[PDB]
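Below: the structure, in structure tokens.
Chains as they are written, first to last, in the authors' numbering: chain A, 77 to 86, 96 to 299; chain A', 77 to 86, 96 to 299. A prime marks a further copy of an entry chain.
Set out below in structure tokens:
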């Protein structure tokens, strides 16, 4: 019972129903059923707290809340202040990804435990190229080597906390939680996920999500 | 009247109707209306030739056909044998992209004319990372520098023909027409396209395509 989940939860996209259940609750329930998960820190505006609070007695995890910040990394830091003092792993998840499989969460948790930092990813389907400032192709980037990142991102809290100290002291803005780990030169493992773990932003994603649940 | 189009056209995805018109005809008509386009070489199985041949008298371009090969690059080479001897640009297009805008084709044609080789691209939306053989992040690839390639790919025929000679002699397999240009160390310009120029592979793409036409 050693994993703290930080659920980033901001009508906003993540509270739109999918088969009559707000998107954010899908991942919330997936984590809550896992015996490894001790607690879920939901980062949401106080308005939406009751959506999760309604199920506190049913779920087998402690439910905490944190206030969101101006940027995504501020929300992560706020949630990080609420986790258990003896938590072994922090599992950061975007609530706009409702379809994450339990088996994939297990994989990335295991890899995060072993490596110290890990993230779910899939091979990029599109032909991606590096382009310079004159709009010219630098090189054709290798087919096997490029991966789209998803969430969860799993990291040992002390690694993340030292990483935030480095960010605040030297003055930096980050594009994800695991890149902070890269600044510290600690390895980040890419756990191979599933193409079904989509981010629901548009109505077309909303539709695809429904097709996948079928 | 200086551009030769090679249309790669393989029920197959590209002959599925979108508002009652087979997908492949959308791009076909877009090219046919452009005064820069002298001809369209359709690479398709002989079974599907009539889908295009029905409109030969209506369109203001010459219509030719070529036989597809085993791989995508073989189909490009076959189509390349049918283009006009005095053609100034070859414009290679995947028929599974019906929504390409005339204004974007104009852009990439212009950039292809000026640089010798160009391709339509958009900034990658997903967080992409380079991953080594031990599944570890090599580095966080820069946000501005990564681009998803689309089609058309526009290239001067002599550049493409010399490039195929290099491929056949030294023994190589290519992931796109413009990478052959990279082997020759000639610049490839990335013309900024539109996110609406999607490849229709799945039924969810088919649905999104219909939403965009609306």
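C-beta: ideal position from N, C-alpha, C; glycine also.
Bridge partners - residue i, DSSP secondary structure assignment
i	result
residue 238 of chain A'	A':177 and A':204
residue 102 of chain A'	A':107
residue 251 of chain A	The partner list for residue 251 of chain A (beta bridge, DSSP) is empty, contrary to what the question assumes.
residue 184 of chain A'	Residue 184 of chain A' is not bridged to any residue.
residue 289 of chain A	Paired residues: none, contrary to the question.
residue 274 of chain A	A:203 and A':221
residue 265 of chain A'	Bridge partners of residue 265 of chain A': none, in fact.
residue 245 of chain A	Note: residue 245 of chain A sits in no beta bridge, so no partner.
residue 137 of chain A'	Looking at the DSSP assignment, residue 137 of chain A' forms no beta bridge with any residue, so it has no partner.
residue 151 of chain A'	A':128
residue 258 of chain A'	In DSSP, residue 258 of chain A' forms no bridge with anything.
residue 77 of chain A	For residue 77 of chain A, which the question treats as bridged, DSSP gives no partner whatsoever.
residue 192 of chain A'	Answer is none; residue 192 of chain A' lacks a bridge partner.
residue 170 of chain A	For residue 170 of chain A, which the question treats as bridged, DSSP gives no partner whatsoever.
Given residue i as reference, the closest of the options once Cα atoms are compared
i	options	result
residue 213 of chain A'	A:82, A:228 and A:257	A:228
residue 202 of chain A'	A':242, A':140, A':115 and A':152	A':242
residue 109 of chain A	A:120, A:119 and A:85	A:85
residue 298 of chain A	A:252, A:225 and A:186	A:186
residue 188 of chain A	A:97, A:82 and A:120	A:120
residue 170 of chain A'	A':246, A':269 and A':138	A':246
residue 221 of chain A	A':223, A':220 and A':230	A':230
residue 94 of chain A'	A':155, A':81 and A':157	No atoms are given for residue 94 of chain A', which sits in the stretch of chain A' between 86 and 96 that the model skips.
Cβ shell of residue i (< 8 Å), same chain only, five flanking positions each side left out
i	result
residue 107 of chain A	99, 100, 101 and 136
residue 134 of chain A'	127 and 150
residue 285 of chain A'	98, 99, 101, 103, 108, 181, 182, 183, 291 and 294
residue 253 of chain A	none
residue 244 of chain A'	201, 202, 266, 269 and 271
Neighbourhood of residue i by C-beta, 6 Å cutoff - its chain only, sequence neighbours within 5 removed
i	result
residue 272 of chain A	200
residue 111 of chain A'	183
residue 146 of chain A	117, 122, 124 and 125
residue 129 of chain A'	85 and 86
Beta-carbon proximity check, residue i vs residue j, cutoff 7 Å
i	j	result
residue 163 of chain A'	residue 144 of chain A'	no
residue 176 of chain A	residue 79 of chain A	yes
residue 141 of chain A'	residue 148 of chain A'	yes
residue 225 of chain A'	residue 264 of chain A	yes
residue 165 of chain A'	residue 197 of chain A'	no
residue 178 of chain A'	residue 251 of chain A'	no
Own chain partners of residue i with C-beta closer than 7 Å, once the 5 adjacent residues on each side are dropped
i	result
residue 293 of chain A	283
residue 113 of chain A'	83, 125 and 137
residue 268 of chain A	248 and 251
Under 8 Å: do the region 272–281 of chain A' and the region 206–215 of chain A' share three or more Cβ pairs, one atom per stretch? yes
Are at least three pairs of beta-carbons, each pair with one atom in the region 179–187 of chain A' and one in the region 229–238 of chain A', less than 8 Å apart? yes
With three or more beta-carbon pairs closer than 8 Å as the criterion, would you say the region 215–224 of chain A' touches the region 251–267 of chain A'? no
So, does the region 185–200 of chain A' touch the region 277–296 of chain A', judging by three or more C-beta pairs under 8 Å? yes
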